[PDB]
Amino acid sequence: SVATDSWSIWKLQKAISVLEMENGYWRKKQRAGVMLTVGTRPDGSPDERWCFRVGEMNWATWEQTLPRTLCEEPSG
Amino acid sequence: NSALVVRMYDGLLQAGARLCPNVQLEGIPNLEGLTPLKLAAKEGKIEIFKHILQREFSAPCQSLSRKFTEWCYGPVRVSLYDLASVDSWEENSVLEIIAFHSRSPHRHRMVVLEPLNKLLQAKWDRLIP
Amino acid sequence: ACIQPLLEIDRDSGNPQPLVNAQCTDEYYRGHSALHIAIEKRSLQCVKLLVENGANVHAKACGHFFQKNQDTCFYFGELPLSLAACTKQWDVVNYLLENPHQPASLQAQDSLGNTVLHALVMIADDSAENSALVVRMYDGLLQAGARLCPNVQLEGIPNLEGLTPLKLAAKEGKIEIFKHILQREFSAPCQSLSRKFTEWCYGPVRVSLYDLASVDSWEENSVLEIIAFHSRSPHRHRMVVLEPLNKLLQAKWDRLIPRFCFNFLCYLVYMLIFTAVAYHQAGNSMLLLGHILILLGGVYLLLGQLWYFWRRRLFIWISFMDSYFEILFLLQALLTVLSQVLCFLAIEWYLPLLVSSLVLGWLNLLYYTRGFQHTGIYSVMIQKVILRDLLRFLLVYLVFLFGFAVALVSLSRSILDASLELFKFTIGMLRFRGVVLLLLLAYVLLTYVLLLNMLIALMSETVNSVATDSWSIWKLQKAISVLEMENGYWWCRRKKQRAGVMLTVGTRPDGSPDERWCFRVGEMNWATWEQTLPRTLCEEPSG
Amino acid sequence: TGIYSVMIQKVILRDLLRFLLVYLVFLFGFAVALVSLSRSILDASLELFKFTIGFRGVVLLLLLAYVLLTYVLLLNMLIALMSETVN
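Chains as they are written, first to last, in the entry's author numbering: chain A, 649 to 674, 678 to 727; chain B, 261 to 389; chain C, 132 to 412, 427 to 558, 590 to 605, 614 to 727; chain D, 520 to 558, 590 to 604, 616 to 648.
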């Protein structure tokens, strides 16, 4: 039970180092996500938000129902 | 506890979409200036934080969700996670509050979560040099 | 509802480049056709509608999103049939095979030379549902290939790297489809597709025959040779414990014990002579003869190691783990010959270097302790511990010793001398004075912290499933030894004996008799009484 | 102490076969290295035995590698004890 927690603490240390490096010495940061138009608000205006993409592969999705997609075709 | 809490939280978000549509309730700060996500990150609540980051609404009030699927092809899919308060661009991000502000013994667990994991791995791969 | 009207419109307009076979242009998504989309959306009727209107059922989808080992890429056989097979759609595969308009052929290859069978190999991740789908789809495709193209051995088709699907599963490290292919049984009339047959069954005991088509290390580019030398998967050792490979390597090791013991005796005499010639440095003539013998032995061993690094592909997979031990032996022999060359010139650095070339030699004898079945596992565990823990501990200890020695040379007012003093201390056998005592205490405390931390790597390795894995990795080491001993290095024609006994297993889809080199394996199963009795070659237990 | 005696007999079952052989080979190598550094071999071996429990830089590197080998053998006996530690 301690091994996964120690691995998480190492991930935390690496993240703290990443944040201190993103702070900069004495540059300006860089957003990592891509701004995308997800859909429609209650307003007619579309809600466009900075999304970060994560790949997934599931071999059990054949019996399950397909979720709603933003793009019907894999683009970019 | 957490099942009831997330059920009540999503139910209140749905009722907010029904009653006050032009208002983003999760953007409301407290006197210390925290949205509910930043406060969940600071106070160390794992289950609600993980739920908000992995939140999908299949309802007509789909705009409340933060997890979308960009495209699905065969077994593979690309999911989208919102980075409203998460990205370290703006002041008082979720990562900045977890690393520097929150006092919890299990805070590291929040870094193992799915949307933060790939983001911090990519930023580590960028900041290796 | 628009598809058949659109295709009727394009057919009535007389289009030279038809709409149905139109493929994408973008380099990301190149070659994609409407048939691929109809297959991915799991619609058999849309596939039939597209095929009846002249769909190219062999259209290759060779974009960057396809045919890739890259991130966020889905690799299958670029062909529509391979897409339907990899996505668990048997009805679509059967329609693409048996339609009257344009049947898809199983011999078809993509831009990488892979058939649909290679594609089923490439998408395995050794998961339960995945490997179940892979073996079921693979057996169904083999049966349909026997029915539709009977004179064709589909498993014999090589790709651009020159691999059958079995060799491709061996290289890519896919265990479950590999394990299934080695012991396929068909209770159908298509018994010739199997590789496991039953020579005779009497009650619970039975003798099974395993085919050795690609398995035997007699032929070139075998499965054993690519598992030992070519595949880079972390689970290669598991693949050696599988039943026909296990029994085959057991028989070959039991046959090749005496050559191993002869090489052990020769190297032990070599090390005794090298230690005796080093310990001394009428009698001068004997020492000169011993030095000449050591030079000749080191030259022979260096030639053997040079041939080994010449014969092994990509420096034995860049010597990351298992082959580095042989590089240690090669470096020891190189230091031996360099020390002899410096002693021939009588330089001042001859006698030190030779001594070094002694110690590593007495470490390299540990190679042979991989034998004898208990110290072999002990050596495997010792090599796993010394692979990464001892190197990092020595590096951090060297850095700490350099810092402490630099502090000692700064406070006292050679660098090496301080290091030597630390080494002696390592064996273990008034404000400035208190500060120096505190510095020595801090150095000893850091050394103790490192000593306590080095146990944690061993504790994690004991946390790992070592019981199933240590025996398997020892068997892997024994198999590598069997292959290298079968080579001979200069008596190269020694590896000229096939294993097994050639037997007529059955009839092919072709009329010709099925003749294959089979290996006999005894089995005893007490649960076969509810099951149906299998077809036997011999009715009575013979030989 | 009976279970301790069972563990001790199982350990001496495993120490004398592999550990004694590797330790004897290491002692012969170290004594031969010492006799090379100097210019009674048994005496040197005994000195080596004392060292085990108890040109200059090259001798420091040889002693450091020998101490590392002693630590590796101790860690292998700890790994054997850990394998015996299964429930």
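Backbone N, C-alpha and C fix where the C-beta goes; we use that ideal spot for every residue, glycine too.
Distance cutoff 8 Å, beta carbons only. Does D:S644 sit that close to anything in chain C?
By 1-based counting over the fourth sequence, the position of residue 644 of chain D is 83. By this cut-off, D:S644 is an interface position.
Three-pair Cβ contact test at 8 Å for the segment 168-184 of chain C versus the segment 222-232 of chain C:
yes
Taking its Cβ as the centre, do 16 or more other Cβ atoms sit within 10 Å of B:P389, making it buried, or is it exposed?
Reading the second sequence from its first residue, position 129 is the one you call residue 389 of chain B. So B:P389 counts as exposed.
Answer yes if the segment 342-357 of chain B comes into contact with the segment 133-141 of chain C, meaning at least three C-beta pairs across the two stretches below 8 Å, and no otherwise.
no
Using the beta-carbon of each residue, which ones in chain B are nearer than 8 Å to A:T720?
Here residue 720 of chain A refers to the residue found at position 69 of the first sequence. Result: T329, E330, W331 and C332.
I need the boundaries of the beta strand (DSSP E) containing B:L340, first residue and last residue.
As a first step, residue 340 of chain B is located in the second sequence; it is residue number 80 there, counting from the start. Per DSSP, B:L340 belongs to the beta strand (DSSP E) from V336 to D342.
Where C:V685 falls: helix, strand or coil (DSSP)
Within the third sequence, residue 685 of chain C is the residue found at index 501, counting from 1. In the structure shown, C:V685 sits in a strand (DSSP, three-state: E or B).
Residues that A:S656 contacts on chain B, provided the C-beta gap is smaller than 7 Å:
As a working note, residue 656 of chain A is residue 8 in the first sequence. Those are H368, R369, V371 and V372, listed as they occur along chain B.
Measuring only from the beta carbon, is D:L535 closer than 7 Å to any heavy atom that is part of the ligand FAD?
The model depicted lacks the ligand FAD and carries no ligand whatsoever.
Three-way DSSP call (helix, strand, coil) for C:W349 in this model
As a working mapping, residue 349 of chain C is identified with position 218 in the third sequence. Note: C:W349 maps to coil in three-state DSSP.
Is A:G690 close to chain B? Criterion is C-beta to C-beta, closer than 8 Å.
What you label residue 690 of chain A is simply residue 39 of the first sequence in a count that begins at 1. A:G690 counts as touching chain B.
What number of angstroms, rounded off, separates the C-alpha of A:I664 from the C-alpha of A:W658?
Within the first sequence, numbered from 1, the residue matching residue 664 of chain A stands at position 16. Within the first sequence, numbered from 1, the residue matching residue 658 of chain A stands at position 10. Cα to Cα, the separation comes out at about 10 Å.
Buried/exposed call for C:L433, threshold 16 Cβ in 10 Å:
Sequence index remark: in the third sequence, residue 433 of chain C carries index 288 (1-based). Exposed is the call here.
Give a yes or no on whether the minimum CB-CB distance between A:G706 and chain C is below 8 Å.
To locate residue 706 of chain A, count along the first sequence from 1; it is residue 55. Chain C contact via Cβ: present.
By a C-beta neighbour count over all protein chains shown, 10 Å radius and 16 as the cutoff for buried, is B:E330 buried or exposed?
Stepping through the second sequence from its first residue, residue 330 of chain B is reached at position 70. Classification of B:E330: buried, given that the 10 Å Cβ count is 16 or more.
Residue-level contact to chain A via CB, C:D202, 8 Å cutoff:
Residue mapping note: residue 202 of chain C aligns to position 71 of the third sequence, counting from 1. Interface residue, yes.
Could you give the C-beta distance for residue 737 of chain C and C:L212, rounded to a whole number, given that I count them as a contact under 8 Å?
This structure does not reach residue 737 of chain C, given that chain C is present from 132 up to 727, and the question cannot be answered.
Which residues in chain C sit within 9 Å of D:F547, going by Cβ to Cβ distance?
One-based indexing of the fourth sequence puts residue 547 of chain D at position 28. Within 9 Å Cβ-Cβ: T406 and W507.
Does A:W710 come within less than 8 Å of chain C when only Cβ atoms are used?
Taking the first residue of the first sequence as position 1, residue 710 of chain A is located at position 59. Yes, A:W710 lies at the interface with chain C (some Cβ there is under 8 Å from its Cβ).
Among the candidates C:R326, C:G334, C:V336 and C:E351, whose CA atom is the shortest distance from the CA of C:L343?
Here residue 343 of chain C is taken as the residue at index 212 of the third sequence, counted from 1. For the residues C:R326, C:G334, C:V336 and C:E351, the minimum Cα distance to C:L343 belongs to C:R326.
Show which residues of chain B have a CB atom less than 9 Å away from the CB atom of C:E307.
Counting from 1 along the third sequence, the entry for residue 307 of chain C is found at position 176. Listed by position along chain B, the residues whose Cβ is nearer than 9 Å to that of C:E307 form an empty set, because the closest Cβ is around 17 Å away.
Identify which residue in D:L630, D:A552 and D:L592 has its Cα closest to the Cα of D:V620.
On the fourth sequence, residue 620 of chain D is found 59 positions in, with the first residue counted as 1. The shortest C-alpha separation from D:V620 is found at D:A552.
Helix, strand or coil for C:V554, going by three-state DSSP, please let me know.
Taking the third sequence and counting its residues from 1, the one referred to as residue 554 of chain C is at position 409. Helix at C:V554.
Taking Cβ positions, are C:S164 and C:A190 nearer each other than 8 Å?
Within the third sequence, residue 164 of chain C is the residue found at index 33, counting from 1. Within the third sequence, residue 190 of chain C is the residue found at index 59, counting from 1. It is a contact, given that the beta carbons lie within the stated cut-off.
Under 8 Å, do C:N282 and C:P693 count as touching if we go by C-beta distance?
Residue 282 of chain C sits at position 151 when you count from the first residue of the third sequence. Residue 693 of chain C sits at position 509 when you count from the first residue of the third sequence. Contact: yes.
For the segment 178-209 of chain C, list every residue whose C-beta sits within 7 Å of some C-beta in chain B, in sequence order.
Legend: CB atoms of the segment 178-209 of chain C lying less than 7 Å from CB atoms of chain B belong to residues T203 and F205.
Tell whether a beta-carbon distance below 8 Å holds between D:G548 and C:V504.
Locating residue 548 of chain D in the fourth sequence gives position 29, where the first residue counts as 1. Locating residue 504 of chain C in the third sequence gives position 359, where the first residue counts as 1. Yes; because the gap between Cβ atoms is below 8 Å, this pair is in contact.
Counting C-beta neighbours from all protein chains within 10 Å, is the total for A:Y673 16 or more, i.e. buried, or is it exposed?
If you number the first sequence from 1, residue 673 of chain A lands on position 25. Exposed, by the Cβ-count rule.
Just to confirm before moving on: does the CB-CB distance between C:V247 and C:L237 stay below 8 Å?
Taking the third sequence and counting its residues from 1, the one referred to as residue 247 of chain C is at position 116. Taking the third sequence and counting its residues from 1, the one referred to as residue 237 of chain C is at position 106. Yes, they are a contact pair.
Chain-ordered neighbours of A:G684 on chain B, where CB pairs are closer than 7 Å
Against the first sequence, residue 684 of chain A aligns to sequence position 33. Going along chain B in sequence order, the residues near A:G684 (Cβ under 7 Å) are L343 and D347.
Tell me whether A:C722 is buried or exposed, calling it buried when 16 or more other Cβ atoms sit within 10 Å of its Cβ.
The residue labelled residue 722 of chain A in the question sits at position 71 within the first sequence. Answer is exposed; the Cβ neighbour count stays below 16.
Could you tell me how far apart the beta carbons of D:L598 and D:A550 are, in whole angstroms, since I believe they sit closer than 8 Å?
Counting from 1 along the fourth sequence, the entry for residue 598 of chain D is found at position 48. Counting from 1 along the fourth sequence, the entry for residue 550 of chain D is found at position 31. With 8 Å as the limit, D:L598 and D:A550 qualify as a contact, their Cβ atoms being about 5 Å apart.
In the DSSP assignment, the alpha helix (DSSP H) including C:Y226 goes from what residue to what residue?
In the third sequence, the residue the question calls residue 226 of chain C occupies position 95. Per DSSP, the unbroken alpha helix (DSSP H) holding C:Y226 starts and ends at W221 to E229.
Alpha carbon to alpha carbon, how far is C:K680 from C:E350? Give it in angstroms, no decimals.
Taking the first residue of the third sequence as position 1, residue 350 of chain C is located at position 219. Taking the first residue of the third sequence as position 1, residue 680 of chain C is located at position 496. When rounded, the distance between both Cα atoms is 9 Å.
Given that C:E171 touches chain B, what residues does it touch there, using C-beta distances under 9 Å?
Position 40 of the third sequence, counting from 1, holds the residue named residue 171 of chain C. Think of a sphere of 9 Å around the beta carbon of C:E171: the chain B residues whose beta carbon falls inside it are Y333 and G334, in chain order.
Looking at the unbroken beta strand (DSSP E) that takes in C:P375, where does it start and where does it end?
Position 244 of the third sequence holds residue 375 of chain C. From DSSP, C:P375 is part of no beta strand (DSSP E) but of the alpha helix (DSSP H) over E374 to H411.
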